[PDB]
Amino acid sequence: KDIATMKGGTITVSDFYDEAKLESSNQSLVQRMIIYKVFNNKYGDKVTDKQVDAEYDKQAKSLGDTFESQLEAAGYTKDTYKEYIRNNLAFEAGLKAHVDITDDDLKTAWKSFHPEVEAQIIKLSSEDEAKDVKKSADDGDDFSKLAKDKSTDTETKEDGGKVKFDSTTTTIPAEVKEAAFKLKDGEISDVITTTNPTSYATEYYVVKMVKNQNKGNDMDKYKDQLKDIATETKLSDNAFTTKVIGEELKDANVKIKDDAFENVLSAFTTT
């Protein structure tokens, strides 16, 4: 009840509500809170604790030893950042449940798909460093040796910079996939400038092609994964998700009891 007190006067949760319920930020909030609840009641069974754990783990290693404490900063606990993860997973489950892929959808996926290749990567923090490296590889230093000695991708460095990837591989920069796929077997890239998911990560890279793969004609060979890429595409359209969310709110018979949020769903329940 009491959020704070002072000489003559108390501020309650109720007093806080009456103010907050006006704020735009809280319009958006109660919207999301309704959406999450509806999708959780419907698609929540499709999401497992294992997958929540998995997603937590993923993002945690991808965000430092400080993550634990970066959540204190964002007001979250562990168990409550999971709750957010569990909300997003059931949400996307729901969207996925409304995907019906078309021969067009597939064709679009295809047009820019590349199948899995084996390659070796050296990553450097400098431009000279990578320029210097490419000359080395030109001379004929063993790739794996240069990789072992130099690559700053500690992920791959001990293995001779061996990576496997396709057009969809997320951990690998776009400028890299771009250059790599061009290469014939045993051919070494030029230097490659890029940006990473960081927001400023201006890395450089050299690449050796181990096993390139041509995709051919009959797209049916890669139909299982084309279905996938295609599905991921739709899940990012707002025309799509708007519609889907629209449908599910209708399905769940959502009734706004507080006049203050009477308008909160209007973005969906409309023509």
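Numbers for residues come from their place in the sequence shown, where the first is 1.
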Select between 189-197 and 88-96 the stretch whose C-alpha atoms have the higher average B-factor in the entry. 189-197
As stated in the PDB record, which stretch has the larger average Cα B-factor, 142-150 or 176-184? 142-150
Taking the values straight from the PDB record, which of 132, 116, 103, 83 has the highest C-alpha temperature factor? 132
Would you mind finding, among 54, 30, 207, 63, the residue with the largest C-alpha temperature factor in the entry? 63
Hey, what third does residue 120 fall into on Cα B-factor, ranked over its chain? middle
Residue 157 - which third its CA temperature factor falls in, relative to the rest of the chain: highest
Lowest, middle or highest third - CA B-factor, residue 77: highest
State the tercile, meaning the lowest, middle or highest third, of residue 167 with respect to the CA B-factors recorded for its chain. lowest
Pull the Cα B-factor of residue 212 out of the PDB entry and bin it into the chain's lowest, middle or highest third. middle
